[PDB]
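In what follows, a single structure is set out as structure tokens and then discussed.
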Amino acid sequence: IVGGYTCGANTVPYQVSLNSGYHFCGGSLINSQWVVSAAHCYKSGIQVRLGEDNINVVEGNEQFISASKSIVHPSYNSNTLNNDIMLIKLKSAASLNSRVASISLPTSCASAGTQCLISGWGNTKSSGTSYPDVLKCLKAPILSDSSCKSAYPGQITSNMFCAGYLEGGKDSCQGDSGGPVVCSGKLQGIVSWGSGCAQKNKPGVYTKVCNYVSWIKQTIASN
Ligand SMILES: N=C(N)c1cccc(C[C@H](NS(=O)(=O)c2ccc3ccccc3c2)C(=O)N2CCNCC2)c1
Ligand SMILES: [Ca+2]
């Protein structure tokens, strides 16, 4: 997170860290056994880490559970990052408590202007590489589709939305991928891509989760 702030220990209880000997992506706990992340985060040998703040220290409240299966959306295109969504099933259910809780799916899409909370352990620098120990947070508004499309001509599909600041300086970045975009207590998006990080007139593009609620529900119900 570039331009964000320290969240505070376990203030984002649905935030998940995908680990494989190191943190490589984020995710969101949607129920005790299912995590929603980004398709481009797909990798084998995934350990899901819940209740994390400092990802390098064992402070307590953590729960390390292996992923039993990762279901990348069938129509995901690795070049356009369209349908950039993936479901991870936990080998065991998580122990839902105060510091580890699930987030709700949207029953409707969020409109431009809605303020959302984006979080993750990704790069904090625009020009360079700096990774945080603790979870960073960033509040950013969902931009308008015209603006989103004016920034990324011919690259935005109906399953994507822009969020962030056109002036730059505040944005998600590498390592945040898969992470949540919560608007009004509903998981509205997934950190997907963007041209660089926190650049002028180049806001972050996120996967529009509201277009996938049915798919998620049906997929989870069949596995
Ligand atoms: N600015 C953001 N909000 C943001 C969020 C996540 C990741 C990145 C870094 C990167 N930005 S980039 O300019 O290097 C970039 C942009 C679009 C891409 C599309 C396909 C493949 C790689 C791409 C890399 C990126 O978009 N990806 C990381 C690698 N995999 C796909 C997503 C930026
Ligand atoms: Ca920890």
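Sequential numbering from 1 along the given sequence is applied to the chain's residues. Every number for a ligand or one of its atoms is a count from 1 in the order of the listing.
Atom 31 (C) of ligand 1 has as its closest protein heavy atom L81 CD1, 3.4 Å. When only non-hydrogen protein atoms are considered, atom 3 (N) of ligand 1 lies nearest to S172 OG, 2.6 Å. Among protein heavy atoms, atom 11 (N) of ligand 1 sits closest to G194 O, 2.7 Å. Here the heavy atom of the protein found nearest to atom 1 (N) of ligand 1 is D171 OD2, 2.6 Å.
Within the 4.0 Å heavy-atom criterion, neither part of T80 lies near ligand 1. Only backbone heavy atoms of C173 (N, CA, C or O) come within less than 4.0 Å of ligand 1; its side chain stays farther off.
No donor-acceptor contact under 3.5 angstrom links the side chains of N82 and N77, judged on distance only. Using modelled atom types, one finds a donor on one side chain and an acceptor on the other under 3.5 Å when comparing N223 with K69. Judged purely by distance below 3.5 Å, without hydrogens or angles, the side chains of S17 and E52 never pair a donor atom with an acceptor atom. Looking only at atom types and distance, the side chain of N83 has no donor-acceptor partner in the side chain of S75 under 3.5 Å away. If you check the side chains of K136 and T6, you find a donor sitting under 3.5 Å from an acceptor. Checked by atom type, the side-chain pair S172/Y206 shows a donor-acceptor distance below 3.5 Å.
Contact of the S20 side chain with the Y22 side chain is registered, since non-hydrogen atoms from C-beta on lie closer than 4.5 Å. Looking only at side-chain heavy atoms (C-beta outward), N10 and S98 stay at 4.5 Å or farther from each other.
Per-atom contact check: atom 9 (C) of ligand 1 touches the protein, criterion being a heavy-atom distance below 4.0 Å. Protein heavy atoms are absent from the space less than 4.0 angstrom from atom 29 (C) of ligand 1. Distance screen at 4.0 Å: atom 14 (O) of ligand 1 has no protein heavy-atom neighbour inside the cut-off. For atom 20 (C) of ligand 1, a protein non-hydrogen atom is found at a distance below 4.0 Å.
Across the listed options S126, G175, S192, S192 owns the non-hydrogen atom lying nearest to atom 27 (N) of ligand 1.
Proximity to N79 (heavy-atom distance under 4.0 Å) selects the following atoms of ligand 1: 20 (C). The contact set between ligand 1 and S177, taken as ligand atoms under 4.0 Å from a residue heavy atom, comprises 6 (C), 7 (C). Each of the following atoms of ligand 1 lies closer than 4.0 Å to a heavy atom of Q174: 7 (C), 8 (C), 9 (C). Ligand 1 places these atoms under 4.0 Å from at least one heavy atom of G204: 3 (N).
In terms of N/O distances under 3.5 Å, ligand 1 is not approached by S195. For the pair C197 and ligand 1, the shortest N or O to N or O distance does not fall below 3.5 Å.
Between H23 and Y131, the distance separating the two ring centers is not shorter than 6.0 angstrom.
Residue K139 qualifies as open at atom NZ: its count of foreign heavy atoms under 6.0 Å is 12 or below.
Expressed to the nearest 10°, the angle at the Ca ion (ligand 2) joining O in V57 with OE1 in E52 is 150°.
Between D176 and ligand 1 there is no heavy-atom distance shorter than 4.0 Å.
The side-chain hydrogen bond (donor to acceptor under 3.5 Å, both in side chains) with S192 is formed by just one residue from the set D84, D176, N159; it is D84.
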